[PDB]
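[1] Sequence plus experimental coordinates follow:
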Amino acid sequence: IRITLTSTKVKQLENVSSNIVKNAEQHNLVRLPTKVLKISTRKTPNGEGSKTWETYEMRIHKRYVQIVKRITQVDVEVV
Amino acid sequence: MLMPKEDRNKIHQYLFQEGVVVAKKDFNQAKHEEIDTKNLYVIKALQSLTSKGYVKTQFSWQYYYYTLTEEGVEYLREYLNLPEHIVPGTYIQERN
Amino acid sequence: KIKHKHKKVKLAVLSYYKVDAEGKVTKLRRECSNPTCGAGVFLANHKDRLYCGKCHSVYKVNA
Amino acid sequence: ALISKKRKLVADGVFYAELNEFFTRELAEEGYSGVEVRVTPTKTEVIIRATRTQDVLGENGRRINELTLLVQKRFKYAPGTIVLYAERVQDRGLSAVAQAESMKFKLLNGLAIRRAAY
Amino acid sequence: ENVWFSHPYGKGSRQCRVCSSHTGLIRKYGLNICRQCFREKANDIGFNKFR
RNA sequence: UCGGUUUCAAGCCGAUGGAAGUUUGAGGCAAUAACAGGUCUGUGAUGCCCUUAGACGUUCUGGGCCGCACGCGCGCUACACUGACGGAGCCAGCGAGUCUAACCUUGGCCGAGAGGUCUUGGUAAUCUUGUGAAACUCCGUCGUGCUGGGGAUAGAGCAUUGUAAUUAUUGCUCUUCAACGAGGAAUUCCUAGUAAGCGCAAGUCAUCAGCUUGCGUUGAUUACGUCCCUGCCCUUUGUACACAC
RNA sequence: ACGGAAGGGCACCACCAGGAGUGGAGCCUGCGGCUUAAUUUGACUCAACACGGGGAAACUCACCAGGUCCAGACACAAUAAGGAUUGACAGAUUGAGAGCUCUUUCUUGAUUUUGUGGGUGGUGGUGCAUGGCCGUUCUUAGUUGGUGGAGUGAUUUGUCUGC
Ligand SMILES: [Mg+2]
Ligand SMILES: [Mg+2]
Ligand SMILES: [Mg+2]
Ligand SMILES: [Mg+2]
Ligand SMILES: [Mg+2]
Ligand SMILES: [Mg+2]
Ligand SMILES: [Mg+2]
Ligand SMILES: [Mg+2]
Ligand SMILES: [Mg+2]
Ligand SMILES: [Mg+2]
Ligand SMILES: [Mg+2]
Ligand SMILES: [Mg+2]
Ligand SMILES: [Mg+2]
Ligand SMILES: [Mg+2]
Ligand SMILES: [Mg+2]
Ligand SMILES: [Mg+2]
Ligand SMILES: [Mg+2]
Ligand SMILES: [Zn+2]
Ligand SMILES: [Zn+2]
């Protein structure tokens, strides 16, 4: 098996990572850099005044037989 | 509008059969995705439709959504000759 | 200096089909070379050809 | 598909945005707090937090059915992958987004502003 | 006629998916929203402000 | 923490320690009352007015927004010898990137160049990418005067974007080689990895950065003060101001 | 609130000490003006003038010279089956391969044409009719109410000498 999982929030992103290192011992058996997407535009809707700039941000954190099909039941993906 | 009776009821079926439409606001799209006509024709027909009743509309980001009323379900008999209440759209089709 | 409408001269409907001896269909004019002129349109006669009435795009048929 | 997670997470929220100020632009007059999009296997469940909730089933099924097939028609979802769960809002006096619409309609029937604001 | 929409990409093809607006389009990651329209809807699209 | 300090205090100053001792450095957030500030040219936000077929709707063709006696604001490039040029050494970080598809492009050839071409990897901590960036660094050439400083103006030719380059889109080649010999009165910004020098990615974007939003590379001088000017705050004071010096 | 009034306090959008400059030159770019068929336009101190993310060949496009179209919903009266409407080869045409308008006589089938209303769109106007947002006052420490205290009252105390 090999799974790669991703989301924006971190809690329910790591409520599966732990929830899979505990199905790792399901019969006593066997972090990526965060991507910050920057949108940087002007506060003003028209053109007036002090020329004021404003960065926004998205935070993208990524990580990585009968028991296989009953483990996948946050952005879920595995190969 | 300039569209002979093989056009305004080019869909007198997708309306009563399916029930709703989608058409991104593009005059001169001229090829509706999901329907065989100009995308102009459906909207202008739906205009003509809604402005008499039988059907409502809503807009939400340039996608011209349409929905029809119980007043529709007895106007699809005068020239939409179908058996009276023999069927409808939101009746038993897949899960009703 | 304003623009102008279209005359589209109507005529007293289809002007030509001929009864013989009261009667039988004697016909007059020409047909096209398509089943889109499938005996529902027999061709115009304007000048220099017999172009269609329905096939106003392709099919300039002549005899 | 074939989109780097960047460009679809963007298009995830775009989908959420258009969904939302579609929903608000649609059924504000019936009371509507936000929308929850469950990114879940198979279906994409859209739970809708709503104040007054029976505005979703018309002739006993005739309204959410009219909506489910509407969102897929615009978003090209093949039928049955869009589940419109229609919940009820947690403590509707929790939502500014609800009460603002509770007043827009309230003043829109001539009730004095000091009256219907206080 | 067929000389109706008989011309083209560039600005004339793109528009904010909220207002049809050709001007000031934000298309990084292909969202295609006005700067103005973006800043309103940016709250729930996923972009928060931190610094 | 230890001392010095306070005026009992709140604190301030020095030191040792420490990755860290200017709220540790820099930001996001940010009240009440206001302005007839700006935006109906972002909204399918909108009151009223005007227009609605010879249209102020819309589309199409073509021109303009660039137009040049002149004044001004932001900047780019330079007057050089702490330099220009030629080899040579060779070091970042923030980023973006393709399937109802042609994005980022390595490697192979062709071309002096711009660029051309057959493969190629990457939906991206993988591939482009160690982004072998630029200033900078070692070695040489030039020799003080408009010079090999400077590259404006213009000619001729070859390419690239694009239905379309003319009023040069931009890139390349050769040629032409202007003012400018350190800028009057004025005036902007700035206290630490900051000023300034240097480039790079991202927005724009078919093509076009002398712009902006950021990121690192080289890395100082000078203050750790005052109320002189400009000016904010808090009292007290005077007023014939209240559309408020 | 204002003072070329006093007492404190505090800022490199203040000075001091200095750096780097800008102001001069050439070109980039924005504003004015002149020019023009039009040179679309908004903004004029800070807080207009590489600012409207405004780096415009077409588009953008709001300006200028011309040419199409209706995408004029729905109601009524009209037309209407002995033709409502719509359309077109070629030429005359025109930038044009455009049937806009004419020649021509064929289509086409109640679909829309004529008209009255009544819509609709509108980068048309009014930022001195608005919303939302933004800039600024103001980067500074400031603002309010309950209760009591003062005053006939507007008001005040709270929200303070000093550190
Ligand atoms: Mg404030
Ligand atoms: Mg004003
Ligand atoms: Mg308007
Ligand atoms: Mg201009
Ligand atoms: Mg400026
Ligand atoms: Mg030189
Ligand atoms: Mg060198
Ligand atoms: Mg100053
Ligand atoms: Mg710019
Ligand atoms: Mg100068
Ligand atoms: Mg100021
Ligand atoms: Mg133009
Ligand atoms: Mg034009
Ligand atoms: Mg217009
Ligand atoms: Mg105003
Ligand atoms: Mg009291
Ligand atoms: Mg007080
Ligand atoms: Zn024919
Ligand atoms: Zn928008």
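    Done, it's in. Residues are numbered from 1 along each chain as shown, chains lettered A, B, ... in the order given. Ligands and ions are numbered 1, 2, ... in the order given.
[2] Confirm that residue D:89 lies within a strand, as I assumed.
    No. The assignment for residue D:89 is coil, going by DSSP: H, G, I helix; E, B strand; the rest coil, so no strand is present there.
[3] In chain A, which residue sits closest to chain B?
    Scanning chain A for proximity to chain B using C-beta to the nearest C-beta identifies residue A:45 as nearest, at 18.7 Å. Where you see a C-beta, it was placed from the backbone N, CA and C, and this is true even at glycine.
[4] helix, strand or coil for that residue?
    Relying on three-state DSSP, one would call residue A:45 coil.
[5] Residue A:16 reaches residue A:74, doesn't it?
    Yes. Contact criterion C-beta atoms under 8 Å: residue A:16 and residue A:74 qualify, at 6.2 Å.
[6] Give the intersection of the neighbour lists for these two.
    Both residue A:16 and residue A:74 are contacted by residue A:5, under the criterion C-beta atoms under 8 Å, 6 or more residues apart in numbering or on different chains.
[7] Contacts only, for residue D:53.
    With C-beta under 8 Å, 6+ apart, residue D:53 has these contacts: D:86-88.
[8] Next: residue A:60.
    When the contact criterion is C-beta under 8 Å, 6+ apart, the partners of residue A:60 are A:6-8, A:34-37, D:5-6, D:9.
[9] change it to 7 Å
    The neighbourhood of residue A:60, defined by C-beta atoms under 7 Å, 6 or more residues apart in numbering or on different chains, consists of A:6, A:8, A:34-35, A:37, D:5-6, D:9.
[10] Now, these that are in strands?
    Secondary-structure check on the contacts of residue A:60 using DSSP state E: residues within strands are A:6, A:35, A:37.
[11] What is the burial count for the residue lying closest to the last one once chain neighbours are set aside?
    Looking back up the chat, that one is residue A:37. Leaving aside its chain neighbours, residue A:37 sits nearest to residue A:58 (4.1 Å; criterion: C-beta to C-beta, 6 or more residues apart in numbering or on different chains). Summarising burial for residue A:58: neighbours were counted as other C-beta atoms under 10 Å in any protein chain shown, giving 19.
[12] Quickly find the element holding residue A:58.
    Residue A:58 belongs to strand A:53-63 when elements are defined using DSSP states H and E.
[13] From the chain's centroid, how far away is the following helix or strand past that strand?
    The first helix or strand that comes after strand A:53-63 along the chain, using DSSP H and E, is helix A:66-69. Relative to the chain's own centre, helix A:66-69 is displaced by 24 Å; criterion: C-alpha atoms, centre = their mean, to the nearest Å.
[14] what residues does helix A:66-69 touch?
    By C-beta under 7 Å, 6+ apart, the residues outside helix A:66-69 that reach it are A:1, A:26.
[15] re the thing from before, now tabulate the contacts of residue A:60 in CSV and tack on neighbour count and distance to residue E:7.
    What follows is the contacts of residue A:60, written out as CSV (neighbours: other C-beta atoms under 10 Å in any protein chain shown; distance: C-beta to C-beta, whole Å):
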residue, neighbour count, distance to residue E:7
A:6, 18, 43
A:8, 20, 42
A:34, 11, 45
A:35, 16, 40
A:37, 18, 35
D:5, 16, 37
D:6, 15, 34
D:9, 22, 36
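[16] export these to CSV and tack on distance to residue E:39?
    As requested, the contacts of residue A:60 are arranged in CSV below (distance: C-beta to C-beta, whole Å):
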residue, distance to residue E:39
A:6, 26
A:8, 19
A:34, 24
A:35, 22
A:37, 16
D:5, 24
D:6, 20
D:9, 19
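[17] quick check, nearest of the residues you listed to residue B:34?
    Sorting those by distance to residue B:34 puts residue D:9 at the head of the list, at 27.9 Å, by C-beta to C-beta.
[18] Let me see the contact set for the closest one.
    Neighbours of residue D:9 in contact, by C-beta under 7 Å, 6+ apart: A:8, A:58, A:60, E:46.
[19] Just the residues contacting stretch B:23-43, thanks.
    The set of residues that contact stretch B:23-43 without belonging to it, under C-beta under 7 Å, 6+ apart, is B:3, B:7, B:10-11, B:14, B:21, B:62-64, E:4-5.
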